[PDB]
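Below is protein13.cif, which holds mmCIF, C-alpha atoms (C1' of nucleotides) and all ligand atoms.
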data_entry
#
loop_
_atom_site.group_PDB
_atom_site.id
_atom_site.type_symbol
_atom_site.label_atom_id
_atom_site.label_comp_id
_atom_site.auth_asym_id
_atom_site.auth_seq_id
_atom_site.Cartn_x
_atom_site.Cartn_y
_atom_site.Cartn_z
ATOM 1 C CA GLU A 16 16.991 -44.405 -14.607
ATOM 2 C CA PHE A 17 19.656 -42.024 -13.318
ATOM 3 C CA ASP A 18 22.664 -43.406 -11.481
ATOM 4 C CA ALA A 19 24.699 -40.545 -10.004
ATOM 5 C CA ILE A 20 24.303 -37.085 -8.487
ATOM 6 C CA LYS A 21 26.607 -34.309 -9.679
ATOM 7 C CA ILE A 22 27.183 -31.056 -7.814
ATOM 8 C CA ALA A 23 29.178 -27.995 -8.843
ATOM 9 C CA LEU A 24 29.047 -24.219 -9.063
ATOM 10 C CA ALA A 25 26.577 -22.338 -11.253
ATOM 11 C CA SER A 26 27.815 -19.644 -13.608
ATOM 12 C CA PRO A 27 25.508 -16.654 -14.126
ATOM 13 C CA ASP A 28 24.795 -17.824 -17.673
ATOM 14 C CA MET A 29 23.590 -21.200 -16.417
ATOM 15 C CA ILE A 30 21.418 -19.485 -13.809
ATOM 16 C CA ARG A 31 19.800 -17.517 -16.605
ATOM 17 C CA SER A 32 19.361 -20.818 -18.436
ATOM 18 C CA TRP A 33 17.358 -22.272 -15.545
ATOM 19 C CA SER A 34 15.098 -19.286 -15.105
ATOM 20 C CA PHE A 35 11.813 -18.701 -16.922
ATOM 21 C CA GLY A 36 11.625 -14.961 -16.328
ATOM 22 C CA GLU A 37 12.755 -12.024 -14.238
ATOM 23 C CA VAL A 38 11.292 -10.708 -10.996
ATOM 24 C CA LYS A 39 11.133 -6.938 -10.608
ATOM 25 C CA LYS A 40 8.383 -5.916 -8.154
ATOM 26 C CA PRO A 41 8.288 -6.595 -4.384
ATOM 27 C CA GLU A 42 4.480 -6.926 -4.387
ATOM 28 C CA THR A 43 2.681 -10.254 -4.026
ATOM 29 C CA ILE A 44 -1.097 -10.172 -3.423
ATOM 30 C CA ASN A 45 -3.822 -7.528 -3.518
ATOM 31 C CA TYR A 46 -5.559 -8.606 -0.265
ATOM 32 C CA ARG A 47 -8.870 -7.760 -1.972
ATOM 33 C CA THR A 48 -8.742 -9.758 -5.192
ATOM 34 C CA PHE A 49 -6.555 -12.790 -4.583
ATOM 35 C CA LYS A 50 -4.977 -12.800 -8.021
ATOM 36 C CA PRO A 51 -1.201 -12.293 -8.114
ATOM 37 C CA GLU A 52 0.513 -9.038 -9.081
ATOM 38 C CA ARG A 53 1.755 -7.882 -12.491
ATOM 39 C CA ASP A 54 5.232 -9.432 -12.370
ATOM 40 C CA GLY A 55 5.852 -9.350 -8.636
ATOM 41 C CA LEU A 56 7.474 -11.982 -6.448
ATOM 42 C CA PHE A 57 4.608 -14.264 -7.333
ATOM 43 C CA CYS A 58 3.349 -14.060 -10.891
ATOM 44 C CA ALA A 59 1.543 -15.922 -13.627
ATOM 45 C CA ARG A 60 3.508 -14.764 -16.669
ATOM 46 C CA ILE A 61 6.759 -15.961 -15.071
ATOM 47 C CA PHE A 62 5.971 -19.078 -13.055
ATOM 48 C CA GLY A 63 2.694 -20.253 -14.557
ATOM 49 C CA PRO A 64 -1.078 -20.539 -14.354
ATOM 50 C CA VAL A 65 -2.999 -20.548 -11.095
ATOM 51 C CA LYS A 66 -5.662 -23.075 -12.107
ATOM 52 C CA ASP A 67 -5.303 -26.180 -14.231
ATOM 53 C CA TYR A 68 -5.502 -25.157 -17.890
ATOM 54 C CA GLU A 69 -6.767 -21.670 -17.017
ATOM 55 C CA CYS A 70 -5.442 -18.452 -18.477
ATOM 56 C CA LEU A 71 -5.381 -15.697 -15.883
ATOM 57 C CA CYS A 72 -7.668 -13.200 -17.625
ATOM 58 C CA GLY A 73 -10.057 -15.932 -18.746
ATOM 59 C CA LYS A 74 -9.752 -15.571 -22.510
ATOM 60 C CA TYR A 75 -9.176 -19.331 -22.747
ATOM 61 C CA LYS A 76 -10.189 -21.774 -20.038
ATOM 62 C CA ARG A 77 -10.271 -25.238 -21.643
ATOM 63 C CA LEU A 78 -7.638 -27.905 -22.162
ATOM 64 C CA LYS A 79 -8.320 -27.625 -25.898
ATOM 65 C CA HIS A 80 -6.087 -24.527 -25.868
ATOM 66 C CA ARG A 81 -3.051 -26.273 -24.371
ATOM 67 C CA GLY A 82 0.297 -24.715 -25.257
ATOM 68 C CA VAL A 83 -0.904 -21.393 -26.635
ATOM 69 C CA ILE A 84 -0.395 -18.260 -24.564
ATOM 70 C CA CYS A 85 -2.695 -15.342 -23.897
ATOM 71 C CA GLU A 86 -2.119 -12.132 -25.834
ATOM 72 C CA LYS A 87 -2.796 -9.997 -22.740
ATOM 73 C CA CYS A 88 -1.390 -12.125 -19.893
ATOM 74 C CA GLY A 89 1.231 -14.145 -21.755
ATOM 75 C CA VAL A 90 0.677 -17.065 -19.393
ATOM 76 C CA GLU A 91 1.134 -20.639 -20.586
ATOM 77 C CA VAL A 92 -2.200 -22.415 -20.246
ATOM 78 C CA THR A 93 -1.130 -25.736 -18.721
ATOM 79 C CA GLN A 94 -1.215 -27.678 -15.464
ATOM 80 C CA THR A 95 -0.609 -25.865 -12.193
ATOM 81 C CA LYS A 96 2.171 -28.298 -11.286
ATOM 82 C CA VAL A 97 4.437 -26.043 -13.340
ATOM 83 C CA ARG A 98 4.010 -23.590 -10.473
ATOM 84 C CA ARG A 99 6.204 -25.890 -8.349
ATOM 85 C CA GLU A 100 9.040 -26.408 -10.850
ATOM 86 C CA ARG A 101 9.782 -23.133 -12.644
ATOM 87 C CA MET A 102 12.342 -20.769 -11.150
ATOM 88 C CA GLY A 103 12.806 -17.043 -11.543
ATOM 89 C CA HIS A 104 16.018 -15.026 -11.516
ATOM 90 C CA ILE A 105 16.584 -11.568 -10.075
ATOM 91 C CA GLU A 106 19.050 -9.205 -11.700
ATOM 92 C CA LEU A 107 21.453 -7.591 -9.240
ATOM 93 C CA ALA A 108 22.626 -4.078 -10.032
ATOM 94 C CA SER A 109 25.901 -4.589 -8.175
ATOM 95 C CA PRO A 110 28.066 -7.705 -7.875
ATOM 96 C CA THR A 111 27.771 -9.368 -4.483
ATOM 97 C CA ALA A 112 29.650 -12.051 -2.577
ATOM 98 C CA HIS A 113 28.223 -15.441 -1.654
ATOM 99 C CA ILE A 114 28.280 -15.599 2.133
ATOM 100 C CA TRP A 115 28.941 -19.341 2.293
ATOM 101 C CA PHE A 116 32.242 -19.076 0.429
ATOM 102 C CA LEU A 117 33.327 -16.275 2.767
ATOM 103 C CA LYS A 118 32.765 -17.311 6.394
ATOM 104 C CA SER A 119 32.905 -21.099 6.095
ATOM 105 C CA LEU A 120 35.924 -21.549 8.389
ATOM 106 C "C1'" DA B 1 -52.709 71.575 -19.752
ATOM 107 C "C1'" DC B 2 -51.348 71.969 -15.299
ATOM 108 C "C1'" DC B 3 -51.661 70.356 -10.166
ATOM 109 C "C1'" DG B 4 -52.129 68.505 -5.732
ATOM 110 C "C1'" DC B 5 -53.980 64.234 -4.628
ATOM 111 C "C1'" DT B 6 -54.180 58.910 -3.915
ATOM 112 C "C1'" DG B 7 -52.051 55.155 -4.245
ATOM 113 C "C1'" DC B 8 -48.477 51.788 -4.972
ATOM 114 C "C1'" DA B 9 -43.529 50.328 -4.209
ATOM 115 C "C1'" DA B 10 -38.614 50.764 -1.114
ATOM 116 C "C1'" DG B 11 -36.527 50.783 3.276
ATOM 117 C "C1'" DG B 12 -36.372 50.787 9.010
ATOM 118 C "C1'" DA B 13 -38.354 47.938 14.071
ATOM 119 C "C1'" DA B 14 -40.562 42.787 16.026
ATOM 120 C "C1'" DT B 15 -41.028 36.873 15.565
ATOM 121 C "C1'" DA B 16 -40.732 31.178 13.359
ATOM 122 C "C1'" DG B 17 -38.026 27.819 10.398
ATOM 123 C "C1'" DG B 18 -35.211 24.960 6.870
ATOM 124 C "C1'" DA B 19 -30.594 24.901 4.339
ATOM 125 C "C1'" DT B 20 -26.379 24.395 4.390
ATOM 126 C "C1'" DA B 21 -21.574 25.309 5.344
ATOM 127 C "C1'" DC B 22 -18.634 23.555 8.947
ATOM 128 C "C1'" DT B 23 -16.417 20.062 12.436
ATOM 129 C "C1'" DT B 24 -15.258 15.602 13.969
ATOM 130 C "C1'" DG B 25 -13.929 10.534 14.956
ATOM 131 C "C1'" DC B 26 -13.255 6.532 12.384
ATOM 132 C "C1'" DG B 27 -12.093 2.316 9.370
ATOM 133 C "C1'" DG B 28 -10.122 0.570 6.314
ATOM 134 C "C1'" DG B 29 -6.283 1.188 3.258
ATOM 135 C "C1'" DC B 30 -1.584 1.580 2.780
ATOM 136 C "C1'" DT B 31 3.981 1.204 3.689
ATOM 137 C "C1'" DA B 32 8.531 -0.442 6.292
ATOM 138 C "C1'" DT B 33 19.588 -2.416 23.266
ATOM 139 C "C1'" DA B 34 21.507 -8.613 26.683
ATOM 140 C "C1'" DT B 35 24.184 -10.046 30.414
ATOM 141 C "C1'" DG B 36 22.252 -18.725 34.404
ATOM 142 C "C1'" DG B 37 25.789 -23.917 29.085
ATOM 143 C "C1'" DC B 38 29.672 -26.936 28.460
ATOM 144 C "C1'" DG B 39 33.009 -29.524 25.717
ATOM 145 C "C1'" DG B 40 35.923 -30.304 21.522
ATOM 146 C "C1'" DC B 41 38.460 -28.648 18.214
ATOM 147 C "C1'" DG B 42 40.680 -26.165 14.697
ATOM 148 C "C1'" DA B 43 42.271 -21.677 12.961
ATOM 149 C "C1'" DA B 44 44.100 -17.505 14.098
ATOM 150 C "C1'" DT B 45 47.015 -14.642 16.565
ATOM 151 C "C1'" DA B 46 50.981 -13.912 20.676
ATOM 152 C "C1'" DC B 47 55.226 -14.745 22.304
ATOM 153 C "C1'" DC B 48 60.020 -14.932 22.961
ATOM 154 C "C1'" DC B 49 63.454 -17.051 21.114
HETATM 155 ZN ZN ZN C 1 -5.317 -13.947 -20.543
#
Just give me the structure as structure tokens.
Ligand SMILES: [Zn+2]
Amino acid sequence: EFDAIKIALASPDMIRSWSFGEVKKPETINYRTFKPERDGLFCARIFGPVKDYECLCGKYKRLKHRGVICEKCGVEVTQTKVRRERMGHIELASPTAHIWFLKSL
DNA sequence: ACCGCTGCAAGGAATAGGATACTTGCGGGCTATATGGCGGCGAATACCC
């Protein structure tokens, strides 16, 4: 299919284009109930469902409801492979300098 | 038709016994200062003109 690999820099707008949400909380797992956090580093509303065609809260749990989202979780009921291909984006309060383009010698 | 009496409670000294306020160690729940390796090489100073 494809024939060439292109590589370049990524403007902030394009980075927003890639992302499917924003991370805001440094918390990951409860250690008691192994569901993810609200919108922490892991998440369901940002990255995707945890089980194949399973909304997080369990309002819909069948493949018949593919595509629709939950009205309390907002997750996209679909395969869990999406959890390996969606990317988040953090917002940085201050501008910062890429280290590679600074001490590359 | 008036009174001193008996009698029936209220407050002191000696024992047993549960209730209950008090004290304590934990278990899980949470948050946040090195000193024996070379070799190559290229960039970045130093230098003395
Ligand atoms: Zn839900």
Might you pull out every residue within 9 Å of stretch 46-50 of chain A, with all atoms listed in the file counted and same-chain residues fewer than 6 positions away left off, and present them as number ranges by chain? A: 58, 65, 71
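Residues matched by the PyMOL selection byres (((chain A and resi 75) around 12) and not hetatm) in this file: residues 64, 66, 67, 68, 69, 70, 71, 72, 73, 74, 76, 77, 78, 79, 80, 81, 82, 83, 84, 85, 86, 87, 88, 89, 90, 91, 92 and 93 of chain A.
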Quick one: which residues end up in the PyMOL selection byres (((chain A and resi 41) around 7) and not hetatm) for this structure, as a ChimeraX atom specification? /A:39-40,42-43,55-56
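Selecting chain B residues within 12 Å of chain A and counting all atoms listed in the file yields residues 28, 29, 30, 31, 42, 43 and 44 of chain B.
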What is the atom CA of residue A:96-atom CA of residue A:62 distance in Å, reported with one decimal? 10.1 Å
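Between atom CA of residue A:53 and atom CA of residue A:26 there is a distance of 28.6 Å.
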Evaluated on this file, the PyMOL selection byres (((chain A and resi 101) around 10) and not hetatm) picks out some residues - which ones are they, written as a list in words?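 Selected by the PyMOL selection byres (((chain A and resi 101) around 10) and not hetatm) here: residues 33, 34, 35, 36, 61, 62, 63, 96, 97, 98, 99, 100, 102 and 103 of chain A.
From atom CA of residue A:45 back to atom CA of residue A:57, the distance works out to 11.4 Å.
For the choices A:30, A:119, A:59, A:23, the atom-to-atom distance to ligand ZN 1 (chain C) is smallest for A:59 when using all atoms listed in the file.
Closest approach to ligand ZN 1 (chain C) among A:52, A:60, A:111, A:32: A:60, based on only C-alpha atoms and all ligand atoms.
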